[PDB]
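As a starting point, one isolated chain is supplied in C-alpha cells, in the form deposited in one PDB entry.
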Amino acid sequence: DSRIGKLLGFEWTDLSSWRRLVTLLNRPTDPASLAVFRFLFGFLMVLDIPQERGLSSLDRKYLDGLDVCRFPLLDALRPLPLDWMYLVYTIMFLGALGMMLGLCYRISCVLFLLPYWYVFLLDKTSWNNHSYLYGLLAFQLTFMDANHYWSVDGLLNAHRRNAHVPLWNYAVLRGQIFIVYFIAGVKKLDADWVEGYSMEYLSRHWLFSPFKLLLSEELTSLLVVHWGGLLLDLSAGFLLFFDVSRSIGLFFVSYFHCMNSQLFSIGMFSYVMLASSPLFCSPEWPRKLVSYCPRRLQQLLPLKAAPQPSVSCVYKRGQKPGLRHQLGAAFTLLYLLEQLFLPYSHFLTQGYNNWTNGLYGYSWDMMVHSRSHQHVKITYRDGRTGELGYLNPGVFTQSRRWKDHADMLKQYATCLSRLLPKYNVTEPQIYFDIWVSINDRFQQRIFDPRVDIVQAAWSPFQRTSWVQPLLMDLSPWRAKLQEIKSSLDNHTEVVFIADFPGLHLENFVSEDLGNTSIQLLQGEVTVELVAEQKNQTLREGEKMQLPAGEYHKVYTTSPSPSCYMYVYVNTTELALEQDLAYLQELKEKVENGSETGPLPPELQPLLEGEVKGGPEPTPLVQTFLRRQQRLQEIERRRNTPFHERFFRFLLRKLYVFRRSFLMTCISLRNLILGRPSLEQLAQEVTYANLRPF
C-alpha cells in the first residue's frame, strides 16, 4: 500500500529482523523469465564454444611437442595433452546443452562451470570482461532453481513442473547486471573518456551517419560516442528497475547493444546483455505472452496455468525458515558485497598494478585505454663467454599482452631462461626495452632497461621496483602534438619520444630512410654520432640532420624528462612512386594514341600483361603489375552485392563448426580405441580441413 513498498517491492518492516529478511528473500515468485534467460544463455554459450573459446584452433594452440611460454595465473597449472583438452571442451559442450534444455540441471551446470574456469585460469592473455561475466553467470545459475518451467526435467519429475522459485534468484541476477552497468559508468569518469581521447576514431563509422546531419564530426565524437555511453551506463543501471522508466530504458539499451555488436568484434556479449535486459520485467511475461496466442500455438508452447506450491519457499499464513533459505539469503548478500568490492581491490594485489590498475578482465573498464607500441628490444648476455646478442621480440609466444604487465614479463624471462640452452646459450641475463603510449601521449619506456628480469624481484602483494612511472605531466602536450601532426606532407612521418634522465636511446637509421631529422621540444639532450665519435648538446627549438645508414645515440642530461621528435621520410618509396607514375604516364600516352614511336621492349610486357616467351621482367615492371592487380582486386571486392557477402559468411561459419566437430571426434576415438597408423591419421586430418563448398 505504501508508495515505497510499491516502488521497491518490499516494506521497511520486512527488514526489522533476520527472519523477516529470510522470508522476503525466499517469497514465492513466477519462474518463467528465469527459464527464458536460462535457455538463451545456454544457446549463446553453445554457439560461443566453437568460435571464441578456441575449439577450432585447439589443434594449433596446445599442440604436443611444441615449446611455448605459457601465462597461467598459478605456475602449478599446466595444460594437459591435446586429446584430453578436446575431451574437456566436449564436456563443456554437453554441459551447455544440458543448461539449454534443462536436463539434469545441476550436473550440467557443474560440468559447464569447472572446465570453463580451468580454461580461464590457464591463460591470462585471453581474459576479457565478457568472459568473466559468463563465468559469473554460470556460477550463479548453478544454485538457482531455473528448471521449474519449460524444462525437460519438469517432464521427468512432476514436483519440478511449473513450480515456484525463491525471489533471491532474480535479485542476484538483477544486482549483477546493475553492478556491471554502474561500475562501467563510474570507471568511465576518467580524464581520457570525458575529454574525447579514448575511442577518438569510432565516430567515422557509417552507423553514426544520421547524427552528422545536425552535428560536426568533432562534436559527434564527444556528445554521442563518449558522454552518451556514460549517461546510458548509469541510467540503464537505474531506469530498468522502476516501472515508469522501463520502456525508454529498454529502447535505449537495445539500441546501445546493437550498435556495440556492429561496431566491435566483442562476440556474444551484446546478445547476452540483450537477453539479460528483459529480466527486469515482471516475472510472468512469458506466461501472458503464451496466453495471447491462438489455441493451436498453445498446444505446443509451455503451460499457461498458475504455478504450484514448491518446497524451496517460505509461505506466510507462519512457517519457520529452515536451512536452505538462510543459506540463500547469506549467499545473496555476501556475493553482491564481494562483487562490489572486487573491482576496487587493487590496493591489495599491487604486484599486478601497472600504468593501469590490475590484470584486465574484472574491472569493467571497457574501451577506456588504448595502447600503441613502437619498438621492443630483447637483449641477452651469455654467462660463459660474455657475448651480447638480441632475440626476436615475440619468440616462443602466442599473445602480445606481455608488453604491458610485469608478471607476464617475469614468466617470459623464466621461459626463455629454460629454453635458450637448447640453442647454445649458457645461463643468460635477459634485458627488456619496451616503448608504449596510452591514449596518444609521448612514447616512453615501461620497464627499466638496466635490470636483469631473470633475477629481478617480484611478489604479488608488493609494488614492483622496475616499472617506470607514467609521466602524466606531459598530458597537455597532446594538443600541440596534434597540430604538428597536421603540418606534414603526404610522405613525411613523425614519432614523438619522451625519455628519462640518465638513460640513453641507441638507434640505427636504415639506409632507405634518407632525410631524417631530430628536433627537441623540451629539456636538454645530447646527440652522438659514433661514426666519428662526435656529440652535440641540443637546446630548445634546435634541429639536426641525422646520418642515414649509421648508428646514433641520444642521451638525456637534464634533471627532468626530455621530450623530442623524429621527423623522417622514405626516399626509396618516393623514388619508386615517381618511377611508377612515369611508367603509368607512358602507358596512358601509348593508349590514347600519343607516342607514335615504337615502345621499348621493357614496356612490351606491360601492354601484353603476361610474361610468356620473353625475358624476365625487371623489378619495376613486376611492381607495377602487382599494384595494378591489387587495385583491380580491391575494386572487385568493393563491388560485391549483399547476398553474396551473407552467403560467404554463412559458409565460413559452417566450415568452423564442421572442423571443430570432426577434430573432436578424431580426438575421442584416439582416446578410446587407441591411435591408428600415421597414414590413417593423415587421411582423417585431411578430410577434416576440407572446405564445405
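Take the two forms, find the largest set of C-alpha atoms that superpose within 1.5 Å, and that set is the rigid core. Residue numbers run from 1 along the displayed sequence.
One more form of this protein exists, namely the form deposited in another entry; it is left out here, but the text below deals with it.
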Quick one: with the rigid core lined up, which of 668, 46, 625, 662 moves its CA 2 Å or more between the shown form and the other one? 625
Once both forms sit on the same rigid core, is the C-alpha displacement of residue 634 at or above 2 Å between the shown form and the other one? yes
Checking residue 302 here: with the core superposed, does its CA move 2 Å or more between the shown form and the other one? yes
Just checking, between the shown form and the other one and with the core aligned, does residue 231 shift 2 Å or more at the CA? no
Against the displayed form, residue 265 vs residue 631 by Cα, in that other deposited form, with 3 angstroms or more change: pair is closer
